[PDB]
Each structure stands twice: as structure tokens, then as C-alpha cells.
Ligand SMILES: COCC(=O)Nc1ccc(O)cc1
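The chain that follows stands alone, in the form solved without this ligand, written as C-alpha cells.
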């Protein structure tokens, strides 16, 4: 039946229309800047016992609504090699949680492309790991970003696969 899809939206992920949200989290469950700022603004109870290791994800239910805290590596602290593995792992744990949760859709940002980027442009790296994990799930995936140029590039990368 229903065709699982990938979409990109340039808007605040906290305003998503999907059955769940992925927070670009930190490992201590602390409020922060960027995605986590918006997620904390809307779902602060989701931060109750959300602390989890780098490269893992941990879901906290806000009623019927899952907030998947996914912890990408900070590339200021991780080497390129070790960070690539942790980033891959975070997105794989996202896919496992999404499947487990039985959700029909998910709102997701590009992990480790903002305050955890170590100053590097990691759009293509983060998206590649996103695809590698998500591709085997049948949930509709909606990627959120804030930059116009990044929206275009993410959109192209989706479109050219098919």
C-alpha cells in the first residue's frame, strides 16, 4: 500500500506534523541551542531521564508523542574516524526506535551539523548516514533544516536517488 517517502522542510522542527520528533541531543539530557532549544521550548518533560551515550538514542514519551533524543558526536571532541562511526550509530538507533515505536512518520534534523560540526560543513556526511539508517524503515521521513541553500541540496539529494 502506502509509499514510504523522504521530504525536506525548511522550518522549525518543533512545529513538525509527524508522529514523532528526533532531537539533536546532548548526552546529558540538557537544554541547548539549535534543535534542542526548540525541542526544549515545546517538550521540556521529554528531558526527564533523557541522558544517553553518544551514538545512541533514547525515547521519552510525552503522552502518546515520542521524542527521540539522538546524540550525535561532537566533532570538536571526536576524531573524524571515530565521529563517523558514532554518527552512523546514532542514526541507526533512531531507525530502531522509529521501527519499535510503530510510528507512521518522523521529523528529523541533520545530526552533528550545527554546534557539533567542529566548524565543518557536514551536510552530505550527516545526510548520507541518515539515508543509510532510514532507508530500511517504512516510516515517512521529514528532514527539517533552516538554511535555504541546505534545503535545496537536501532536496536534490533526495530527488536524485529515484
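Positions refer to the first chain, counted from 1.
What comes next is about the form deposited with this ligand bound, which does not appear here.
Engineer: Report yes if all three of 4, 135 and 161 come within 4.5 Å of this ligand in the deposited bound form by some heavy atom, otherwise no.
Structural biologist: None of them does, since no heavy atom lies within 4.5 Å of the partner.
Engineer: Is residue 55 part of the interface with this ligand in the deposited bound form - any heavy atom within 4.5 Å?
Structural biologist: Contact with this ligand, no.
Engineer: Please tell me whether any heavy atom belonging to residue 48 falls inside 4.5 Å of a heavy atom of this ligand, as the geometry stands in the deposited bound form.
Structural biologist: No - in the deposited bound form, heavy atoms of residue 48 and this ligand never come within 4.5 Å of each other.
Engineer: Hey, in the deposited bound form, does residue 140 get a heavy atom within 4.5 angstroms of this ligand?
Structural biologist: Residue 140: no contact with this ligand in the deposited bound form.
Engineer: Could you confirm whether residue 101 comes within 4.5 Å of this ligand in the deposited bound form, counting heavy atoms only?
Structural biologist: Yes, residue 101 lies within 4.5 Å of this ligand in the deposited bound form.
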